[PDB]
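The numbering used here puts the first residue of the sequence shown at 4, with every later residue one more than the last.
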Amino acid sequence: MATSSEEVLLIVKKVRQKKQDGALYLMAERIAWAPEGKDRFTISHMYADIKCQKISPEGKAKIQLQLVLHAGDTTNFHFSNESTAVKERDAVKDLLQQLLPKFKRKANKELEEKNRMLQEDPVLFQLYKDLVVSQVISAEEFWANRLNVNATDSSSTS
């Protein structure tokens, strides 16, 4: 069956994400953040999905952590816990960086360029939902003429 080894490895608190501070819990196989007062992780990424981690420059009153997922995503966190914020992001950066290679999945650059194109060109992503979502054509059909040319002028067409 699906063995969910939910092993909380680190307990981090006072982390503002999505304009709401909470608690970020690390697990053997993933990272999950919950808002303060809620037992619900509104953020849960598997190390296999997280490519790397970025942290804000030290000596600042803003402990910010930013993970980047292989799909071409990310995970930004604001450790507002002035008491251990820095150390929390540190042990976090370290712990994740420990389990991250443990679950290091293949870098899907094929997907990265796709995701990044959908973020850059709002029209491209619009037509994507228009055609590919309406089952008008497959995703690669649209991508075929877009991956080779990323320009909103051309994105106005298939």
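Here a beta-carbon is modelled for each residue, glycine too, at the ideal position from N, C-alpha and C.
Does the beta-carbon distance from residue i to residue j come in below 7 angstroms?
{"i": "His73", "j": "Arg119", "result": "no"}
{"i": "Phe106", "j": "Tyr50", "result": "yes"}
{"i": "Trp36", "j": "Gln56", "result": "no"}
According to DSSP, simplified to helix, strand and coil, what is residue i?
{"i": "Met30", "result": "strand"}
{"i": "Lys107", "result": "coil"}
{"i": "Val139", "result": "coil"}
{"i": "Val126", "result": "helix"}
{"i": "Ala64", "result": "coil"}
Short of 7 angstroms in beta carbon distance, which residues of its chain neighbour residue i, apart from the five on each side in sequence? Order them along the chain.
{"i": "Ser59", "result": "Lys65, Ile66 and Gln67"}
{"i": "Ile140", "result": "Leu134"}
Which stretch, first to last residue, makes up the beta strand (DSSP E) that contains residue i?
{"i": "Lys57", "result": "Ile53 to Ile58"}
{"i": "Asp76", "result": "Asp76 to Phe82"}
{"i": "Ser157", "result": "Looking at the DSSP string, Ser157 is not in any beta strand (DSSP E); the run it does join, the alpha helix (DSSP H), is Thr155 to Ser158."}
{"i": "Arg19", "result": "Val11 to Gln20"}
{"i": "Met49", "result": "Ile46 to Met49"}
Exposed or buried, residue i, counting other C-beta atoms within 10 Å across all chains shown (16 or more means buried)?
{"i": "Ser86", "result": "exposed"}
Among residues of its own chain, excluding the 5 on either side of residue i, which ones have a beta-carbon nearer than 6 angstroms to its beta-carbon?
{"i": "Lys17", "result": "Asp24, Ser83 and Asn84"}
{"i": "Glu115", "result": "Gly75"}
{"i": "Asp124", "result": "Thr155 and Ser158"}
{"i": "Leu102", "result": "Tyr50"}
State the start and end residues of the unbroken alpha helix (DSSP H) segment that holds residue i.
{"i": "residue 169", "result": "Residue 169 lies beyond the stretch modelled for the chain, which goes from 4 to 161, so this question has no answer here."}
{"i": "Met120", "result": "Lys112 to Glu123"}
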